[PDB]
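To start, the structure itself, in structure tokens.
Chain letters run A, B, ... following the sequence lines, proteins first and then strands; every chain starts at 1. Every number for a ligand or one of its atoms is a count from 1 in the order of the listing. Any value given below was found using the heavy atoms of this structure, including those in side chains, with hydrogens, waters and symmetry copies removed.
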Amino acid sequence: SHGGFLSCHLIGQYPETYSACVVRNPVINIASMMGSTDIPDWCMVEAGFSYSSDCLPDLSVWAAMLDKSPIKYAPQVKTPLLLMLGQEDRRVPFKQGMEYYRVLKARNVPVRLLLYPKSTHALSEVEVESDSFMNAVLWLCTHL
Amino acid sequence: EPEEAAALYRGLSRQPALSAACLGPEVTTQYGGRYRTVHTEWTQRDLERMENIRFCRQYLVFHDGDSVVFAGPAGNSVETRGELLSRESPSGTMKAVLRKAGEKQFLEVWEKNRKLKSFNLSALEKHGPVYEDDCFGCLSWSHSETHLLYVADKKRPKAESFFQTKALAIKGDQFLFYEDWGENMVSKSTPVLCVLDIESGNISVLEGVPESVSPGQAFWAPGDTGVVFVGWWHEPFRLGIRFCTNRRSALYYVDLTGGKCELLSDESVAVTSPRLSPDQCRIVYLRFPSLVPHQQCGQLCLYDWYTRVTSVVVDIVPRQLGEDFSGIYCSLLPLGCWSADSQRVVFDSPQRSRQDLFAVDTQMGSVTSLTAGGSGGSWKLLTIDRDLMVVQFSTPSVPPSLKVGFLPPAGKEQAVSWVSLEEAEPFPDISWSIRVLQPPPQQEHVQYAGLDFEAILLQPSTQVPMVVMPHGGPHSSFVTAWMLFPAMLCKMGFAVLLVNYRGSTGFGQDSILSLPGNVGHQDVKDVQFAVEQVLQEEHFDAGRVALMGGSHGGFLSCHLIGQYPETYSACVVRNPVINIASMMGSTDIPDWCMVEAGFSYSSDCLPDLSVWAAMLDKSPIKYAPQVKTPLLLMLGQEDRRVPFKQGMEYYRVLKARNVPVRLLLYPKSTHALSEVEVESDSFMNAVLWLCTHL
Amino acid sequence: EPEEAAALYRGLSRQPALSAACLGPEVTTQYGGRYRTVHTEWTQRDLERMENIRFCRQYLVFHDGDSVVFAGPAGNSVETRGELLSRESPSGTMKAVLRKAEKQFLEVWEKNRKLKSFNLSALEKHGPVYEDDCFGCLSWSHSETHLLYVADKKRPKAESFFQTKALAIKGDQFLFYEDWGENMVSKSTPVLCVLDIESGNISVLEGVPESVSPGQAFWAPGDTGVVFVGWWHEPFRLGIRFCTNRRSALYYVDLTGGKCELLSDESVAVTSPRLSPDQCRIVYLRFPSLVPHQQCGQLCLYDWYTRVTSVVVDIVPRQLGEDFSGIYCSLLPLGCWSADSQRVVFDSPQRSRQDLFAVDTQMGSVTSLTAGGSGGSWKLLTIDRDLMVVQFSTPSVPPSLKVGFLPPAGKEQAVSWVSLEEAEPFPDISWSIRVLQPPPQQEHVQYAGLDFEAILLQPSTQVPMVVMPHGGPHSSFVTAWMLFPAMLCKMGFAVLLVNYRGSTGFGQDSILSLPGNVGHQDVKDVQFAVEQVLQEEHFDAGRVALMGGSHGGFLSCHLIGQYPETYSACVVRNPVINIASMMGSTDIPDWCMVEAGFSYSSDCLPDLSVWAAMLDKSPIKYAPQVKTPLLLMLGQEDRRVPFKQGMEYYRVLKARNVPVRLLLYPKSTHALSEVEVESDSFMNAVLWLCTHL
Amino acid sequence: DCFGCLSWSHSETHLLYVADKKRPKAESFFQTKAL
Ligand SMILES: *C(=O)[C@@H]([C@@H]1N=C(C(=O)O)[C@@H](S[C@@H]2CN[C@H](C(=O)N(C)C)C2)[C@@H]1C)[C@@H](C)O
Ligand SMILES: *C(=O)[C@@H]([C@@H]1N=C(C(=O)O)[C@@H](S[C@@H]2CN[C@H](C(=O)N(C)C)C2)[C@@H]1C)[C@@H](C)O
Ligand SMILES: *C(=O)[C@@H]([C@@H]1N=C(C(=O)O)[C@@H](S[C@@H]2CN[C@H](C(=O)N(C)C)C2)[C@@H]1C)[C@@H](C)O
């Protein structure tokens with residue numbers, strides 16, 4: 001979630017420190033998340049503006065949102081990454097991870113993507129939880 | 001009145017439409033006469049069962065030489081269930097059918113009054129589900145009539161969980177992501193070519209297809225030595241393919257055994273619809289030379305099998321080539337399109353506001369119109385065999401009808417005589433006409449000067465209210481054919497105006513290329529000018545004008561109610577485009593937003609402030625605060641080309657300001673809303689909204 | 001060899017069979033030619049989908065008014081799904097279809113359009129529609145404005161005593177409703193329904209007597225009323241399927257008012273009425289005795305305007321010439337009248353053949369249209385404007401389709417058949433007919449001089465033989481295409497099918513000879529036929545086997561019990577084992593009383609003498625003597641012959657330590673007709689026979 | 001645990017809880033009716 005956002009920022013801004021990364025449902029582009037999330041005021045508040053139900057698009061605001069998102073640093077990434085998305089998540093739409101995945105794949109960076117068609121943000125079902133934990137452990141033990 | 005509207009819809013929806021036709025072998029009699037049979041397939045809506053039913057019918061044609069002497073029916077209609085694909089053999093003695101039953105998929109071979117053979121594809125376990133669409137699917141007979149060729153999904157390795165219990169597969173791969181080809185292509189990721197031997201019943205998957213292409217539209221090469229197919233590039237990722245002709249692809253030939261594959265055309269443009277000639281010496285196909293627009297004017301090209309020479313038979317038309325031809329705009333050719341001499345080809349294409357039939361000589365390059373002149377109408381060519389054509393004809397006030405004809409010899413194709421096989425009853429209370437519009441001086445394009453456009457007006461045969469419809473696309477158009485909803489509106493007392501603004505297909509390549517980079521400014525003004533001219537000319541009631549549109553047509557309607565708030569009294573939209581910038585990151589065709597905004601598209605892009613501002617400046621949401629027209633919104637929750645959150649954002653903006661809005665959400669429908677129940681419900685709701693608010 | 005047998009079965013089961021045919025309207029040409037279309041329906045087994053599939057085909061016939069000039073195909077076959085009944089209109093312009101899709105829909109088609117559709121379930125005027133040949137029907141009005149059919153009567157709603165209602169009769173949920181027996185599950189009381197096409201309204205006719213079940217209805221002349229057949233169901237119902245001895249009568253009822261009148265006698269059985277093209281007279285079949293389940297019948301005629309009834313064709317004791325022996329069909333073709341409204345055509349068994357006959361209703365003469373030759377089986381599917389469509393087959397030739405023209409009166413024997421669809425013969429099978437004369441010690445006390453027949457198939461000595469008696473016992477074998485006998489013949493066996501005294505098609509004396517003698521006269525006829533055939537063809541006497549079902553299994557058990565040294569193997573299907581125990585559990589209790597030699601009464605009570613006779617006539621009495629290995633195959637849901645009879649026989653044999661193999665099908669009836677069950681049973685039987693000989 | 005609850009009255013004779021609001025029934029424009 002907000003913790004996957006930070007991890008992508010870290011691997012984009014410090015390309016030498018880390019050698020592996022796993023993210024479940026990261027926030028990737030704050031500007032494009034506003035129109036699809038169930039809590040649009042979160043995007044406004046965390047970017048430094050006041051939310052209003054009558055507010056319309058304003059290019060000045062949309063500039064701040066883009067400058068604070070990890071996608072901006074995509075071209076500098078080299079760390080192998082594992083993505084695990086839930087297709088029914090309503091707070092963080094799963095297209096967010098897809099954009100990052102496409103950007104990384106266009107540059108031949110090693111990426112592994114798992115998609116759970118019936119899971120929400122938490123991936124809390126026993127089968128999904130066990131499979132995701134096993135895959136993450138295997139990734140970490142192999143790439144280190 | 002809901003009851004009267006329901007009765008009218010019941011009456012209008014009963015008219016069926018043609019889907020396919022084929023011809024049988026010739027038969028001789030001891031008296032010397034000659035006749036042959038025609039097989040046709042029809043589809044019809046059924047409101048009691050709430051489903052689309054499909055049935056078959058057969059006809060008889062007695063001919064003496066190259067002339068039709070008599071035609072008649074040969075029995076009653078028979079309903080069918082579970083047929084995906086079917087193809088008669090070259091000699092006409094056997095028939096191959098793909099069916100779903102049980103569900104499982106079966107391949108059946110019929111001869112006369114017996115089902116000779118059946119194969120259970122699921123049990124053999126050599127591949128996945130078979131493709132039945134028109135993009136990749138096919139079903140072809142060998143020239144020896146011993147083998148069959150088709151396309152099916154590639155087999156995936158078995159996977160299992162880390163914690164399975166075994167009795168006293170790759171672990172962890174159950175949820176690996178497989179990318180599919182987009183809207184109306186759910187679960188279709190990578191096809192493969194499959195060959196079935198009828199005698200032995202063994203299935204093989206051909207080897208040698210390049211790893212980075214998806215194959216399709218395959219047929220047997222001369223001598224049955226190999227297979228010719230079209231490959232679409234899917235690296236680094238797939239872009240929506242349905243309803244687009246600008247996807248990079250090429251033509252390949254592959255040997256039956258060995259793995260050798262050779263390229264037969266260029267590899268930088270789009271190609272489609274290859275057809276081998278009856279003499280087996282040449283191939284004709286369609287080529288689109290730029291990848292920018294989703295629909296455009298195309299070229300007709302020819303390839304010689306034995307000399308290996310490629311040539312251009314028909315080239316791009318900038319504005320017009322005479323008064324009858326304006327370019328090639330069809331996305332496919334008929335399955336049977338060659339004349340008996342293996343020198344001429346026949347097809348159908350839009351031409352301004354009509355749809356006509358054309359014959360092309362592949363040696364000289366001349367194009368001849370077979371249906372020129374008259375008031376108008378829409379023709380469709382279903383097949384040709386031994387110089388006998390089967391066609392469908394319709395107009396805005398006449399449901400589809402079936403005809404047959406003989407293609408005259410070279411140089412006299414305009415003297416064709418049509419014979420009727422199945423006629424339809426007209427509706428004399430609808431009258432239709434075509435209007436031509438010339439943009440005013442202040443609206444001329446900087447580089448393409450002098451373009452004009454058109455509209456189609458239907459009216460009963462200042463008192464009459466009017467409804468305005470722009471088409472989607474934006475590179476599409478309306479043609480003077482049978483349309484259910486406009487006919488219903490006309491029979492309820494409305495007048496209907498369908499607008500083909502600059503950028504529509506069938507008016508030259510200049511019209512196609514004039515629109516990009518100007519969406520939201522040029523088309524809106526074209527529609528407004530047409531509305532004003534029609535109002536001033538026919539003297540309709542200016543206080544009862546309404547709008548109705550889907551997809552890009554909804555985008556235009558929202559723009560219009562936002563920029564001219566005092567002109568329209570009601571509006572109905574379906575799956576509209578509302579915010580291009582936010583749409584870019586969620587649609588299956590991201591290149592469309594960039595192209596229509598006025599920029600080039602490339603993979604490995606990145607968000608930029610300038611491009612995002614340009615996209616935001618062209619969106620109808622910017623005018624939301626000015627709107628005061630009552631609005632009805634209808635959305636499909638599973639639409640993948642236009643996500644349903646655009647309409648939700650528009651709805652929230654309007655709701656926060658106390659504007660009257662009515663929202664309907666269909667949780668299992670796509671962009672089309674083509675299911676019988678959903679379609680009927682949406683049409684009834686729209687008609688009631690229009691009648692109540694005007 | 002299981003693989004070779006499976007391949008042979010796959011090859012043989014591919015041949016389709018005809019089920020129905022109809023003719024279309026005549027069409028003229030500017031050149032003067034005249035042609036018309038023929039619509040046919042076929043059915044075929046599919047082993048991959050394990051199901052019976054049905055498809056349709058169409059043909060064209062060009063004629064000159066009295067002769068066929070050309071015939072040809074008019075397209076490919078089209079498979080169909082969910083069609084229960086269908087009927088073309090009198091003028092040939094519309095078509096009515098009953099479909100299931102589950103719900104039931106009545107549809108009307110005209111050219112390339114599904115004009116109308118009606119959802120019967122939603123209207124809620126009746127229950128499921130009848131689709132069988134006993135009660136079901138679907139008829140057009142002469143004005144082509146109304147439709148008539150038959151459906152189950154609506155039952156009042158019921159609910160439990162403890163239902164919870166939001167803030168019907170209580171206790172009637174499990175009331176018993178009696179049905180009509182085997183292959184008639186859940187069918188209790190039908191009713192006549194009329195649908196008006198223009199308005200959409202359904203009505204249930206009033207005036208049917210409370211104590212009858214109506215069926216086989218059609219519109220009366222002038223569309224004033226309806227003519228139907230009513231079967232008595234008091235005090236309780238007896239099995240109706242495959243029986244022609246159920247009491248019934250013919251009734252006419254007005255459309256509105258409730259007046260109902262009787263048109264025939266009320267003490268015998270009547271069936272199969274057909275109105276003439278001119279709408280002046282009606283023919284039907286009458287059976288005057290209720291004792292036997294099949295017998296010789298009469299053909300009777302009724303005049304609409306004079307109200308006079310007469311007998312056109314009467315019972316035949318032994319024979320009427322060398323070509324006719326009586327009427328033994330249970331139904332007439334839907335279209336059976338000549339264009340002059342004076343002659344009728346039908347098909348019937350005749351000794352060991354099945355022939356076509358034409359009858360003049362004014363003079364009463366019967367003429368055979370297919371007399372002479374080696375044999376064969378014909379079936380007439382329809383006639384319209386003097387054009388007949390027929391199916392033909394033989395033991396070594398699968399079914400074929402032909403058309404013909406009926407010659408004028410006095411010359412019907414000169415008919416010329418034109419082939420529409422031919423089948424490929426099997427030249428490795430040869431068949432013949434044998435005649436057998438019982439010896440002096442086996443003559444009947446009252447019917448002296450009767451002889452019987454057998455059909456012998458063989459490849460074209462050390463040849464093994466398989467013997468088959470038919471069920472019934474009032475039934476028979478005819479020289480037609482039979483799948484299993486052909487499969488056996490193609491594997492190297494010889495096959496002998498026996499028509500013992502009491503079979504249909506040999507006169508009423510043969511029918512009446514058997515009752516009261518089951519287990520004695522039928523067992524000795526079969527044994528005599530086997531002995532006679534063995535000594536003449538010089539087959540291997542040490543490799544003779546038996547195979548039979550129902551009454552044929554009863555005979556086979558009797559034979560292996562009374563002649564333990566003659567047969568080396570035996571296969572039976574749903575056999576009758578103990579008549580006395582059968583009486584109290586079957587759906588046709590009168591059969592046990594009649595075949596044992598007594599009369600049946602609805603108020604009968606158990607008696608010692610009758611029970612003793614039934615026990616003395618049962619094969620179980622010979623169980624201790626049996627030593628032949630046995631394969632027994634039973635269907636658990638059979639209602640005419642409960643599956644406990646075979647269980648008792650199996651228990652006795654097992655307790656005596658005899659080799660036995662038992663198969664039980666938990667969802668099958670007496671026929672074992674499902675594709676999977678049928679194939680499994682045939683393969684098991686073939687393997688048993690091959691291994692044990 | 002945002003809206004749901006289950007409560008006893010002090011007299012212990014009544015119960016209180018929360019549930020979704022009832023919605024009026026609807027039907028298609030083409031539904032067939034029992035004659
Ligand atoms: C991701 O961080 C998005 C949202 N913020 C949340 C947070 O507070 O961490 C989560 S919900 C929260 C986390 N664990 C609990 C939980 O998920 N369940 C009990 C199911 C509560 C939420 C996805 C953030 C970007 O808004
Ligand atoms: C909306 O217009 C979006 C896309 N453009 C379309 C168009 O060409 O009109 C449609 S698809 C096309 C229109 N009618 C056909 C159809 O819908 N079916 C056959 C189901 C094909 C498409 C959603 C545009 C904004 O991208
Ligand atoms: C067994 O023979 C029992 C009954 N008599 C029969 C007979 O006539 O042979 C059968 S029904 C008859 C035979 N073949 C047809 C058939 O089985 N189907 C169409 C399914 C009809 C019946 C069980 C006898 C002991 O009563």
Side-chain angles (χ1 to χ4, degrees), chain A residues 1-6 24-27 30 33 37-39 42-43 46 86 89-92 96 120-123, chain B residues 182-184 240 242-244 294-295 331 470-478 504-505 519 549-556 574-577 580 583 587-589 592-593 595-596 636 639-642 646 670-674, chain C residues 182-183 239 241-243 293-294 330 469-477 503-504 518 548-555 573-577 579 582 586-588 591-592 594-595 635 638-641 645 669-672, chain D residues 1:
Chain A
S1 205
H2 186 85
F5 165 95
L6 288 177
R24 295 198 274 104
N25 278 294
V27 172
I30 297 158
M33 176 183 150
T37 187
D38 72 326
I39 54 171
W42 182 96
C43 305
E46 292 305 338
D89 185 356
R90 291 228 256 150
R91 194 145 289 181
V92 183
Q96 289 274 312
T120 65
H121 84 266
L123 309 174
Chain B
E183 166 81 13
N184 296 318
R242 264 257 191 140
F243 319 116
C244 300
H294 76 96
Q295 311 230 283
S331 53
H471 62 74
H475 303 119
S476 333
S477 77
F478 292 115
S504 313
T505 47
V519 296
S551 194
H552 194 270
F555 159 100
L556 287 183
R574 179 179 83 253
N575 292 298
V577 166
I580 299 164
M583 170 184 190
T587 187
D588 76 320
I589 50 161
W592 182 94
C593 308
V595 163
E596 297 302 338
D639 188 347
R640 285 170 75 196
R641 186 144 301 178
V642 181
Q646 305 266 291
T670 55
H671 83 279
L673 304 175
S674 67
Chain C
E182 163 83 12
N183 294 320
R241 265 258 191 139
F242 319 118
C243 300
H293 76 97
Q294 309 228 279
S330 53
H470 61 74
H474 302 120
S475 201
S476 77
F477 290 116
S503 315
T504 48
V518 298
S550 193
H551 193 270
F554 160 99
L555 286 184
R573 177 180 85 250
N574 290 303
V576 166
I577 299 291
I579 300 165
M582 206 198 155
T586 187
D587 76 320
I588 51 164
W591 183 94
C592 307
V594 163
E595 295 305 337
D638 188 345
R639 297 220 262 140
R640 189 144 298 179
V641 180
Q645 309 260 291
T669 55
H670 87 275
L672 305 174
Chain D
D1 73 332

(request) Kindly compute the distance separating CE (C:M582) from CD1 (C:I588), expressed to the nearest 0.5 Å. (result) 5.5 Å
(request) Working to the nearest 0.5 Å, report the span between NE2 of C:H474 and NE2 of C:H293. (result) 5.5 Å
(request) Output the distance between atom CD1 (B:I580) and atom CD (B:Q646), rounded to the nearest 0.5 Å. (result) 9.0 Å
Give a table of atom pairs where an N or O of ligand 2 lies under 3.5 Å from a protein N or O.
unit_1   : atom_1 : unit_2 : atom_2 : d
ligand 2 : 2 (O)  : B:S551 : OG     : 2.2
ligand 2 : 2 (O)  : B:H552 : N      : 3.2
ligand 2 : 8 (O)  : B:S476 : OG     : 3.2
ligand 2 : 9 (O)  : B:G473 : N      : 3.4
ligand 2 : 17 (O) : B:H671 : NE2    : 2.5

(request) Indicate yes or no: at least one non-hydrogen side-chain atom of A:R91 is less than 4.5 angstrom from one of A:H121. (result) no
(message) Could you measure the distance from the CD atom of C:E595 to the CZ atom of C:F554? Nearest 0.5 Å is fine.
(response) 9.0 Å
(request) Could you label the plane-to-plane angle of the B:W592 and B:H552 rings as parallel, tilted or perpendicular, counting under 30° as parallel and over 60° as perpendicular? (result) perpendicular
